[PDB]
Amino acid sequence: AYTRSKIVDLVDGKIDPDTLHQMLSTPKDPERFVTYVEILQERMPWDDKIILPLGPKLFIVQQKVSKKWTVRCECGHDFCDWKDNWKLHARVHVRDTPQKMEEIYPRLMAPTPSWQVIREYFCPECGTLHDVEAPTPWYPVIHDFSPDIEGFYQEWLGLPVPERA
Amino acid sequence: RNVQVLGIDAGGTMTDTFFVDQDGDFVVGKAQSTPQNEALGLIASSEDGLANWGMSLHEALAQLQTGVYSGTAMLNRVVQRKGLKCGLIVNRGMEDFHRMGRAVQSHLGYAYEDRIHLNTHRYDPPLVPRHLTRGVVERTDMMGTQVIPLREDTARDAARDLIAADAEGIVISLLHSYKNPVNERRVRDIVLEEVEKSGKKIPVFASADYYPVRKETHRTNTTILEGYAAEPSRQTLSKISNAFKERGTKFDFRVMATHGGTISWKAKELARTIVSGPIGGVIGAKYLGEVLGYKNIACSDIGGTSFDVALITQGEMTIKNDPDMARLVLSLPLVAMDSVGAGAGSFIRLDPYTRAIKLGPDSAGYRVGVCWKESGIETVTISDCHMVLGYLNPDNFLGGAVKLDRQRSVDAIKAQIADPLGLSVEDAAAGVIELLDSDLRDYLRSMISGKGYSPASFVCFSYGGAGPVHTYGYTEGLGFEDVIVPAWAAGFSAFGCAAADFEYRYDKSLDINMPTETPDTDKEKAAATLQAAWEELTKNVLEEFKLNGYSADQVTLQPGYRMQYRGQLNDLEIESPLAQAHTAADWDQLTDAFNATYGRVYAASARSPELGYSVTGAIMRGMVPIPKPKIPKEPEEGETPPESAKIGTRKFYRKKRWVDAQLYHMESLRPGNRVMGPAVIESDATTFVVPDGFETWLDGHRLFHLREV
Amino acid sequence: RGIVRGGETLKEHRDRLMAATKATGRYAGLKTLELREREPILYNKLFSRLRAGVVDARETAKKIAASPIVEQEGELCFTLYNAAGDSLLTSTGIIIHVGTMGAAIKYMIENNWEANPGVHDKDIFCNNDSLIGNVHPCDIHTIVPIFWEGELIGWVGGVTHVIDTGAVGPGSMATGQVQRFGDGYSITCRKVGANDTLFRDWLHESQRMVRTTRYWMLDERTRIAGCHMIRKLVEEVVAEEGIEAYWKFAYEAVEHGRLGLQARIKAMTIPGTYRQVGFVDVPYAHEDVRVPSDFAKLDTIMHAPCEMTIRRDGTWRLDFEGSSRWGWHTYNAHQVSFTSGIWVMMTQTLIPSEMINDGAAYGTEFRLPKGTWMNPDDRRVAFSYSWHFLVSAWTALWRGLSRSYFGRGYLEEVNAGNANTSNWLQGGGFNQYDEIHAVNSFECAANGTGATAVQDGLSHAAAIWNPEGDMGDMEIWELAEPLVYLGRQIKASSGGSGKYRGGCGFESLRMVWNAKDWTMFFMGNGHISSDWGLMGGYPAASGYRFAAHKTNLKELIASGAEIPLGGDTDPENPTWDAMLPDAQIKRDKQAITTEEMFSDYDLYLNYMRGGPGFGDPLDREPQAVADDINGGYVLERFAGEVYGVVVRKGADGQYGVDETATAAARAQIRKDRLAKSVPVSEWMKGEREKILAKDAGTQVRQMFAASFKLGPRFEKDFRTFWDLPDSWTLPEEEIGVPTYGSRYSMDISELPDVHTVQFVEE
Amino acid sequence: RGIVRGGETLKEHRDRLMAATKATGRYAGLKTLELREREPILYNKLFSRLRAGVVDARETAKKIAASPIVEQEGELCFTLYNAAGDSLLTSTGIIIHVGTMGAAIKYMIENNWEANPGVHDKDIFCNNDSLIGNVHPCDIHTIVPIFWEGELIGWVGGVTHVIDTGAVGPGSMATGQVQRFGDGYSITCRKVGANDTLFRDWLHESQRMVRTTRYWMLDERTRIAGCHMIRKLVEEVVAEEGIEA
Ligand SMILES: Nc1ncnc2c1ncn2[C@@H]1O[C@H](COP(=O)(O)O)[C@@H](O)[C@H]1O
Ligand SMILES: [Mg+2]
Ligand SMILES: [Mg+2]
Ligand SMILES: [Mg+2]
Ligand SMILES: [Mg+2]
Ligand SMILES: [Mg+2]
Ligand SMILES: [Mg+2]
Ligand SMILES: [Mn+2]
Ligand SMILES: [Mn+2]
Ligand SMILES: [Zn+2]
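Its PDB header names X-ray crystallography as the technique used to obtain the model and reports a resolution of 1.87 Å.

Asks: Please clarify how the overall build of chain D should be interpreted in this entry.
Replies: Helices and strands together make up the secondary structure of chain D, namely seven helices and seven strands. The order of helices and strands in chain D, counted from the N terminus, is α-α-α-α-β-β-α-β-β-β-β-β-α-α. Projected onto its principal axes, the C-alpha coordinates of chain D cover approximately 55 × 35 × 35 Å. Each of the 245 residues in chain D was classed as buried or not, and the buried ones make up 54%. Residue pairs at least 24 apart in sequence account for 62% of intrachain contacts in chain D once pairs closer than 6 positions are excluded. When the accessible surface of chain D is split by element, carbon and sulfur atoms take 52% of a total near 10800 Å². Positive and negative charge centroids in chain D, built from 29 and 32 side chains respectively, lie 1 Å apart.

Asks: Help me out: how do you make sense of the interface of chain C and chain D in this one?
Replies: Accessible area lost on assembly of the parts is the figure often given for the size of an interface. Facing 41 residues of chain C, the contacting portion of chain D comprises 38 residues. For the pair chain C and chain D, the summed buried surface comes to about 3300 Å²; carbon and sulfur atoms form 51% of the total. For chain C, the biggest contributors to the area lost against chain D are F181, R200 and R208 of chain C; these three give 22% of the whole. At the surface where chain C touches chain D, the tally comes to three salt bridges. A salt bridge links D753 of chain C to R200 of chain D; the nearest nitrogen and oxygen atoms lie 3.1 Å apart.

Asks: I would appreciate a short explanation of the site of ligand 1 in the present structure.
Replies: Residues and elements named next belong to chain B. Around ligand 1, the structure places 17 residues, and the nearest of them are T13, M14, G304, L398 and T687. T13 places a main-chain nitrogen or oxygen 2.9 Å from an oxygen atom of ligand 1. Between ligand 1 and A466 there is a distance of 3.5 Å, counted from an oxygen atom to a backbone nitrogen or oxygen. Computed on the free molecule, ligand 1 has an accessible area of 510 Å², of which 94% lies beneath the protein chains in the complex. Looking at side-chain class alone, the shell around ligand 1 contains seven nonpolar, nine polar and one charged residues.

Asks: Would you explain the coordination of the magnesium ion (ligand 3) in this entry?
Replies: Octahedral metal centres with six donors ideally show angles of 90 or 180 degrees, and tetrahedral centres with four donors ideally show 109.5 degrees. Residue and element names in this part refer to chain B. For the magnesium ion (ligand 3), every protein donor is listed as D301 (OD) and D301 (OD), and the spread of their distances is 2.4 to 2.6 Å. Separation of the magnesium ion (ligand 3) from the magnesium ion (ligand 2) amounts to 5.7 Å. Tracing the backbone shows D301 in strand 13 (residues 297-302).

Asks: How should the coordination of the magnesium ion (ligand 4) be read in this particular structure?
Replies: Summarising the metal site, the magnesium ion (ligand 4) is bound by the protein donors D18 of chain A (OD) and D439 of chain B (OD), whose distances to it range over 2.4 to 2.5 Å. Placement of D18 of chain A in helix 2 (residues 17-25) and of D439 of chain B in helix 14 (residues 425-450) is noted, with the two residues assigned to different chains. Note on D18 of chain A: relative accessible area 46%, which makes it partly exposed.

Asks: I tried to follow the sheet that holds strand 20 (residues 603-607) of chain C on my own but got confused; where do I start?
Replies: Whenever strands of a sheet pair, they do so through backbone hydrogen bonds, lying parallel or antiparallel. Residues and elements named next belong to chain C. Spatial strand order, 14-15-20-17-18: five strands in an open sheet with antiparallel pairing. Each of the sheet's edge strands pairs with one partner strand only, and the pair in question is strand 14 (483-490) and strand 18 (584-588). Strand-to-strand, the axes of this sheet are offset by a mean angle of 15°, without reference to chain direction. Across five bridges, the pairing between strand 15 (residues 506-512) and strand 20 is antiparallel. Paired with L509 across the bridge in strand 20 is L605.

Asks: I keep staring at the interface of chain A and chain C and nothing clicks. Help me out?
Replies: If you look at the interface, chain A gives 82 residues, while chain C gives 101 residues. In total, chain A and chain C occlude about 7700 Å² of area from one another, counting both sides; carbon and sulfur atoms represent 62% of this. Contact with chain C buries surface across chain A, with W115, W138 and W156 of chain A losing the most and accounting together for 15% of the total. Counting every contact that joins chain A to chain C gives six salt bridges.

Asks: Whenever I open this one, the pattern of salt bridges confuses me. Can you help?
Replies: For side chains bearing opposite charge, pairing can occur when the charged atoms are close. All chains considered together, the criterion is met by 140 salt bridges over all chains. The residue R4 of chain A makes a salt bridge to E38 of chain A at a minimum N-O spacing of 2.5 Å. Here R4 of chain A is found in helix 1 (residues 4-11), whereas its partner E38 of chain A is found in helix 3 (residues 32-43), with 34 residues between them in sequence. One salt bridge in this structure joins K28 of chain A and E412 of chain C, with 2.8 Å as the shortest N-O distance. Here the residue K28 of chain A occupies a position in the loop between helix 2 and helix 3, and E412 of chain C occupies one in the loop between helix 11 (387-408) and strand 12 (426-430), the pair thus bridging two chains. Under the relative-accessibility criterion, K28 of chain A is labelled buried at 12%. Residue classification places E412 of chain C among the buried positions, given a relative accessible area of 2%. Three or more residues are tied together by salt bridges with common partners; here these are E152, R156, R160, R186, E193, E194 and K197 of chain B.

Asks: Please explain the packing of aromatic side chains as it appears in this structure.
Replies: For any pair of aromatic rings, the description rests on two quantities: the centre-to-centre distance and the angle between the ring planes. Within this structure, the stated rule accounts for 84 aromatic pairs over all chains. Ring geometry for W488 of chain B against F492 of chain B: centres 6.4 Å apart, planes inclined by 25°, an arrangement best described as stacked. Across this residue pair, the class does not change: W488 of chain B and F492 of chain B are buried. Clustering of aromatic rings is evident, with ring pairs tying together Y284, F320, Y331, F338, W373, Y385, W387, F389, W394, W424, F442 and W465 of chain C. The ring of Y607 of chain C has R609 of chain C sitting right over it, with the charged end atom 4.7 Å from the ring centre.

Asks: Looking at this structure, I do not really get the sheet that holds strand 25 (residues 556-565) of chain B. What am I missing?
Replies: Residues and elements named next belong to chain B. The sheet built from four strands is open, its strands ordered 24-27-25-26 with antiparallel pairing. The sheet terminates laterally at strand 24 (502-514) and strand 26 (572-575), the two strands that pair on one side only. Adjacent strand axes in the sheet meet at a mean angle of 25° when their direction is disregarded. With eleven bridges connecting them, strand 24 and strand 27 (residues 613-624) associate as antiparallel partners. Residue pairing in the sheet places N513 in a bridge with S614 of strand 27. Packing of helix 17 (residues 520-547) onto the sheet brings it into contact with strand 24, strand 25 and strand 27, and relative to strand 24 it is tilted by some 160°.

Asks: Whenever I open this one, the environment of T197 of chain C confuses me. Can you help?
Replies: Tracing the backbone through its elements, the reader meets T197 of chain C in strand 7 (residues 197-198). On a C-alpha basis, the gap between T197 of chain C and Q426 of chain C in space is 34 Å, while along the polypeptide they are 229 residues apart. With near-sequence residues (within four places) excluded, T197 of chain C lies in contact with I124 and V192 of chain C together with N116 of chain D. In terms of polar contacts, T197 of chain C uses its side chain to reach the backbone carbonyl oxygen of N195 of chain C, at 2.9 Å.

Asks: What should I look at first to understand the side chain of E220 of chain D in this one?
Replies: Residues and elements named next belong to chain D. Structurally, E220 is set in helix 7 (residues 213-241). Summary of buried charges: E220 has no salt-bridge partner, and the nearest side chain of opposite charge, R223, is 4.2 Å away. With sequence-adjacent residues up to four places away left out, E220 is seen in contact with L198, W202 and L203.

Asks: What exactly am I supposed to notice about the packing of helix 17 of chain B against helix 18 (residues 584-601) of chain B here?
Replies: Residues and elements named next belong to chain B. Closest axis-to-axis distance for the helix 17/helix 18 pair is 8 Å, and the angle between their directions is 70°. If you check the angle between helix 17 and helix 18, you find them roughly perpendicular. Note on element contacts: helix 18 touches helix 17 through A584, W587, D588 and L590, opposite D520, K523, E524, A526, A527 and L530.

What counts, and at which threshold
Residues numbered from 1 in each chain as written, not as in the entry; some residues may be left out. Chains lettered and ligands numbered in written order. Part of a larger assembly, values for the part shown. Heavy atoms only, no water. Helix = DSSP H or I, 4+ residues; strand = E, 2+ residues; numbered from the N terminus. Buried < 20%, exposed > 50% of the residue type's maximum accessible area, 1.4 Å probe, protein only. Contact = heavy atoms within 4.5 Å. Areas by Shrake-Rupley, 256 points an atom, 1.4 Å probe, with all protein chains shown as cover. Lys, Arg positive; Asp, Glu negative; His and termini not counted. Charge placed at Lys NZ, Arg CZ, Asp CG, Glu CD. Buried area = accessible area lost by both parts, 1.4 Å probe. Salt bridge = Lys/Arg side-chain N within 4 Å of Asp/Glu carboxyl O. Near = heavy atom within 4 Å. Polar contact = N/O pair within 3.5 Å; in protein donor to acceptor, adjacent residues only side chain to side chain. Nonpolar A, V, L, I, M, F, W, Y, C, P; charged D, E, K, R; others polar. Donors = N, O, S within 2.8 Å, 3.2 Å for Na, K, Ca; no water. Pairing = 2+ DSSP bridges. Axes fitted to C-alpha atoms, helices over the stretch in contact; angles between N-to-C directions. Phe/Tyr/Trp six-rings, centres within 6.5 Å; stacked < 30°, edge-to-face > 60°. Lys NZ or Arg CZ within 6 Å of the ring centre and 35° of its normal. Parallel < 35°, antiparallel > 145°, perpendicular 65-115°, else oblique.

Written out as structure tokens, the structure is:
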């Protein structure tokens, strides 16, 4: 096991080089997930239980009263049911002209928008950027990850599945 | 007694000396190092060593035939990153090349596993930061042809910029200057003019004057080290040479170089001796291994400032051209070794934001730690943890010549480390030692794994003053065939210097290019060119032996050459089967000897004679005999130490438990004796720690063997 | 009597082992590992000696070579195989060839090389044929059988990347040809020697079918040296420890590898379904792509979608249904090279501390539909720059695996993905030694790496095909190319923006010097960045071309005028162009060309790509933005717009952070993002209208049309997602571009006596 | 011991003959022709049988081919050589290859093919390399040595024009490429078989480096047939009339 402090430093991007190399080069600590989720839980401005982190500010959570599972932003906004694609319920900005590409890359280093566009997906409450896709024109919105949460908790971690409606 | 050979290991916390007599008998001296003038501690160490034979310095110094210096002063500047503040002048447009590290510096010194595990890769900060780097407009091609003439105004502005930025030294390295040095030397002269007008003391180092070899990354790093690490030691050898001559010596000092042979103390290029001390250690290990039958040895040495590791495989050291060390590509031919900033004097600090413990890379060195009240050291060190935990004896540090106060270590660890972390003093100190043991263990393992081996293929040798203090920890669970601590661990590098052959060597580059079949005239001309180089290098070798009082008929000469197939980037060193070369048949014999060696180094099917041959250099070595140190061979007595070897008990803390460790006088233990941990086996300049869960036994060669139980 | 130890034929032996693997789910039916479990000390000793032997062969034999690609960069590999062609242990380096050389051995097994031409002690085989699995013709294999007491007990393979193989274009990653015909000298498991001696007919022929003859010859001696070093070591190990122990290790080591992957998957990941995609551009319509076949003149885009499934039992599956078709270019691949590269990626993240051998391939399922670019069904395809497509598809798999790591808390392992490994500086003609020559710079061994969940990526550091990156010394490249350096600089604003920034690439400016009758060309991604950022991060920058002819630099140098040096710091605001008022300058997005005449004093920019970013850039530490501007990693103008960080230049010339103005700028950007964006349903409504109207360029429409035909599940997904009516169709023939090879194809297995080895579902 | 009848190496034998040609102005230094002048009936009998043999090889073996270029048009040739690679007799057809196939044999002589890869009874060589004298890559040569009582006494060459050799352009007289690189599959005096049997590595490689694979395969069997028909006839003639004649 690593100490709670070292896992805090890992989450914050402040971990020391010796501990980071130890984490990379030696067999994994099985206790990581339970400690990680506890650290994240303590930072949230709401008390609904985190079930699985999807990004730095994005989570599958258990609703305190209904016990439904939803995708939630750190600020509190619920997008949708945990099996649906949160992006279909987000806001999007599409860079599909040379002016829009040149805001974020120098001319010539920028992609050409008739070949590739940049699609930025935001939380509608706080404006956090949770994902950036870079496909062709016409490409479907991608449903990035459908986790087997039942299998993960019961078979790999040896924990019961949290209550769910 | 007729004392004939002296070996030295300076620049650590303690300066060690090693004396050999005409029968091969030896004694070891110790004293506190004196970095303002190393000669003072060296004289004191010498008197301490010779007192074991009831002999005075005056008596012995007159008898000595040779002396070999080694040390760590320069290496310590590299591993701590505490050197002279150098600026760098390169070609305009290529200022970034140094800090980019050629990419390769992000994965040097890594295990097999870490070479492929991408997220472990990491760049260390450069020797010269970007803001202390400037560029001149110039280009010279690989033929020596000027493409872009030097624009002298750009050299002047570069110089003035680095002077205004408070550079303490300036390094110059332009592309292909080894081929045509004209432009680089003019930039040097212009930099020297601007320094003169400034009135400041700023030495200047042009790469072509020191390391004129191809590969700008390697050459530029090496030339930087000449300023950064070597320059503050520039006068050390002449002070030593004078102190010894005043006291009656008649020999000319030699110094251990990177390639495992010695050179003159008068060498202009000091970075050639940057790892003299660790290389002395490897030579010692190879010699001990040859006498006792150890073919595969993992060398390991802790001192006050560094941890040094090296591999001997199938009885050979492996000398590598264009090597790396300390995660730097270098131009010095090097026996395979590496070194890192972790030692018994390393400072311990808490991160102000995370409270993570950080060890080193800087060290108190000769000042030890807070426990030495006269040091003036305020920041706790690893030595302070040794005092708290009972690893070392406060009353027998340098044989009792330096008094240490455990209570000062307790108080300072409490204020700096333990109270801020919410720990007891002993848990804070034990936690520091856990971190050290694990860091050193991983460093040793990584050296072995980088060659593809497992530690089970090796025997570990553990030496240096502090090596035996942590052997239990840095070898734990690695599975070495055996783990060995020589009783003379503190003087092991000085031992190696004394065991070195009394040999001088000189080299010269050549450019002889020959098709597969050529007429006899071409072969005669090639032979004459090589012969002229051998005659010149023979004078250099013999002149050096003359300074030591040996005439030419006492010296054995061995000519050599460097050869390759045409178009290759690398060459092989071949020992000549001829003492001189003149005829077409002689040339054929030299090309045949190369083909046969190439077949052994690589494979018979790799030979490519159809491409023709290039001779790229000539070599001459000279040797005279001296006595070697005699390795003890005593018969084994019983398993039980005599009662008179016991010298008390001391409270000892590890894995959350206090125990009473049994103390033994090292030199009172007998061949055959077994000691069960917890125990501490104490000499006057080393300490061998045997915790609970370990055991050691002593053989007839004065070697301890360490085992887990 | 068969030649394998015990008397089985090669084919009988392999077939028995594959049947037991299929029946039991364990390599060779090994339910226990007797040597490992009962004799652990001997198992470890064989591991240690043999792994050290293969590492030593690479380290030592590379000193034979004249080519810096092999001698300095270390683009070579040596691998030890069991009798069935499965790898036990390997050196590091270009380890994609662990799989390619084993697949070549399996081709010999399956096509009865044992009966003709025979497999005899001291034989030498040579091979580079991409139709049986190799990356491209420039990776040459030497394969030697290993015998003990007159029976075969294994093989050793050695590979070197050579400078050229005599393709139409002068370089390793060549353009010009559009088919196998002109794609380079191609050798199919040829017996090139016996009694340890190379045949003279082979030597004379091979040496005249390439430009870089002397370099070719020393690369060959390099491979044979390492093969014979390893053969000798195996003979010594068997003599000392006995054939019985070695024979057990030679199969147990593979199953140990499979067990290692399964355990690492269950320790590090999360079971589930992960979906991701990659693309790259092929701008062949441009006039500076002078191909000799009119059916190849069109703009296309590579498509590589991947459905990744991690199962509860620790197995996993990668399915590439929906991918685009092979084409008339040099970017096609093969099931072996495609899946071997995924194995290479695994070695850098999942299994770096397990056994590195074929075991992990047996623990992975792959589905590559027949006729896609990664599993082509036509024997005419070209391969010289296979990597263009390969590196652009593999990068997306890092993102999927990283979601598992991130969810579970193993943040140290997250990586947003690999850079596109380009540009490749290439060309040919007469060099400084007055000989026929070609160049192929390996500066793009040192590209930016993807950011992690904990820290920035590394600049100018690695490539997906070799994590031990090396850019080489300028002075060494100058011995092997008639070119001189006028710059080498970190590439500002190339690394992908994020909370953690992707690694930057680097750039070098070259001037032509002491060349005669000389040509050069460009090869890399242009219009499209293949990598994507992760969890809010952005892709690295994409590619462009800079070259200058008739520069007048001889006179400008002599007169003391300003001359171009360094890097092209801001290509939107360049400084070099105004210094060359008489030059013909090409500065544009055309990152792929065929050979063009260059003369002494002309200029060429070599630009190496960066890697992708991680997280919302608005969460980056403000001091790290200021450090990046001061260090040359990021151009000043992007601090405000991308990261919301306000910097200002102090008295010392260094940029520093305004912490108050930065907090206000970030609060304001959050509001800007809400104001400029729309609900995703609303954006979808407008994009759907364009799809219904067929409003996209021909390159976009061709990509979807070809993908739909090879991947009906993908067509169904697309129609459902966009709610398209059955009256909407996208036939490739209605686009107006050539479609040769869309319907008619002939596979290599249709030729007489050819038996191909199957490694994937198709 | 050299492999030519009498014990000379191939190179020793040819060098002796070329030196005598230069010194005397007559081929091989032959100032008189003993067989022709003293045994005219036997000279004519050998001429008649061997010329009929080479003519018959072309007429018969062409019926193997699928390509009309060979089977109907007759764009093939078979030629009989002495040990030094000089032609004695030939079929009609594409007889420019009398010179090209002899020059390929002389390249083997001059570059010590005798020592490596060796020239053995029942070997099969293939060649089309224009750098050593051929017209173009589409004219493929099969060359077989002829032995009598363990020593080399001659060679037989057979050529067919094949449809394509996998150049950039699709055809025999192709455009598109501008250099050797892309000019077609080029074979330099390769040993492609032994004990009268083609090697499988050669078969698999060659067949995938051309467009017209099946046509290529039958053109190869055409060349081997005629070479072996002529070898057999030479063995019969020597058995009947004696090696000295
Ligand atoms: N009795 C002792 N006196 C002095 N140093 C000792 C003793 N026992 C062990 N050492 C170690 O030897 C180290 C000096 O190593 P060096 O820098 O090689 O002289 C010290 O830092 C100690 O940790
Ligand atoms: Mg010391
Ligand atoms: Mg030491
Ligand atoms: Mg460490
Ligand atoms: Mg190494
Ligand atoms: Mg709005
Ligand atoms: Mg088939
Ligand atoms: Mn390659
Ligand atoms: Mn023809
Ligand atoms: Zn939000």
